[PDB]
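Visitor: 3D, please:
(2 chains)
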Amino acid sequence: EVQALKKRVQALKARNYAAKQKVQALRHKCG
Amino acid sequence: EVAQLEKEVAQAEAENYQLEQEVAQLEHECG
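Guide: Numbers count the residues shown, from 1 in each chain, chains lettered A, B, ... in the order given. Please see the structure below:
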């Protein structure tokens, strides 16, 4: 479902956005 | 398109998978 996949994309991006910041934050903290 | 969204979901999923690996590792070593 297009509408379904869109929400999947948004859900992923939401987690991805947070995770990406975490990775770079951690790279700053202990990289 | 569905196919577009699927390749997008797979894009996010691929990154997401890696982000969680890196976050877990960075935290396991630092956090």
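
Visitor: OK, contacts around residue 26?
Guide: Since no chain was named, I'll use chain A. Going by CB atoms under 8 Å, 6 or more residues apart in numbering or on different chains, residue A:26 touches B:22-23, B:26-27, B:30-31. Bear in mind the C-beta positions are built from the backbone N, C-alpha and C, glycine included.

Visitor: I was after chain B.
Guide: So residue B:26 contacts A:22-23, A:26-27, A:29-31 (CB under 8 Å, 6+ apart).

Visitor: Mind doing that once more with 6 Å?
Guide: Applying CB atoms under 6 Å, 6 or more residues apart in numbering or on different chains, one finds that residue B:26 lies in contact with residue A:26.

Visitor: quick one: what helix or strand has it in it?
Guide: In the assignment (DSSP states H and E), residue B:26 maps to helix B:2-29.

Visitor: From the chain's centroid, how far away is that helix?
Guide: Relative to the chain's own centre, helix B:2-29 is displaced by 1 Å; criterion: CA atoms, centre = their mean, to the nearest Å.

Visitor: Tally up the residues packed near residue B:17, please.
Guide: Using other CB atoms under 10 Å in any protein chain shown, residue B:17 has 12 neighbouring residues.

Visitor: ignore the last one, residue A:7
Guide: If you count neighbours by other CB under 10 Å, residue A:7 ends up with 12.

Visitor: in what helix or strand does it lie?
Guide: Residue A:7 is part of helix A:2-30 when elements are defined by DSSP H and E.

Visitor: List the buried residues for that helix?
Guide: Neighbour counts over helix A:2-30 (16 or more other CB atoms under 10 Å in any protein chain shown) mark A:5, A:8-9, A:12-13, A:15-16, A:19-20, A:22-23, A:26 as buried.

Visitor: Stretch B:4-24 now?
Guide: For stretch B:4-24, by 16+ other CB under 10 Å, it's B:5, B:8-9, B:12, B:15-16, B:19, B:22-23.
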